[PDB]
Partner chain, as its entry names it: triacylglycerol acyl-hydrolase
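Next up: a single chain in structure tokens, the form deposited without the partner chain.
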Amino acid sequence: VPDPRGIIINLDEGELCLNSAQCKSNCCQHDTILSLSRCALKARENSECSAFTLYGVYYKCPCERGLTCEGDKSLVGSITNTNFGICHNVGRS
């Protein structure tokens, strides 16, 4: 009720962003480690996600409401600061 974060504004996927607070769907999508951050789509079943949302730019955007990220490492990028996984409809266990 008293100000719960409130920083996400109004941009589409496919436009240049600084943090994840720029786009309507809060997914500012990074290259792998250095920079190049443009907004993208949130993941669905059988797609490569990172894990969940923090407050910042994402190497591979997380799974939508209902699906979980299954952390198999998945090195589609060479060098990063995360673990990548496949989106599935199971809810952690």
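Residue numbers count along the first chain shown, from 1.
Not on display, but discussed next: the form solved in complex with the partner chain.
Chemist: Considering non-hydrogen atoms and a 4.5 Å limit, does the partner chain approach residue 72 in the deposited complex?
Modeler: Residue 72 lies outside the contact set for the partner chain.
Chemist: Given that the partner is absent here, does residue 46 sit within 4.5 Å of the partner chain in the deposited complex, heavy atoms only?
Modeler: Taking the distances in the deposited complex, the answer for residue 46 is yes, it comes within 4.5 Å of the partner chain.
Chemist: Contact between residue 67 and the partner chain in the deposited complex at 4.5 Å, heavy atoms?
Modeler: The answer is yes: residue 67 has a heavy atom within 4.5 Å of the partner chain.
Chemist: Are any of the heavy atoms in residue 41 no more than 4.5 Å from a heavy atom of the partner chain in the deposited complex?
Modeler: Yes.
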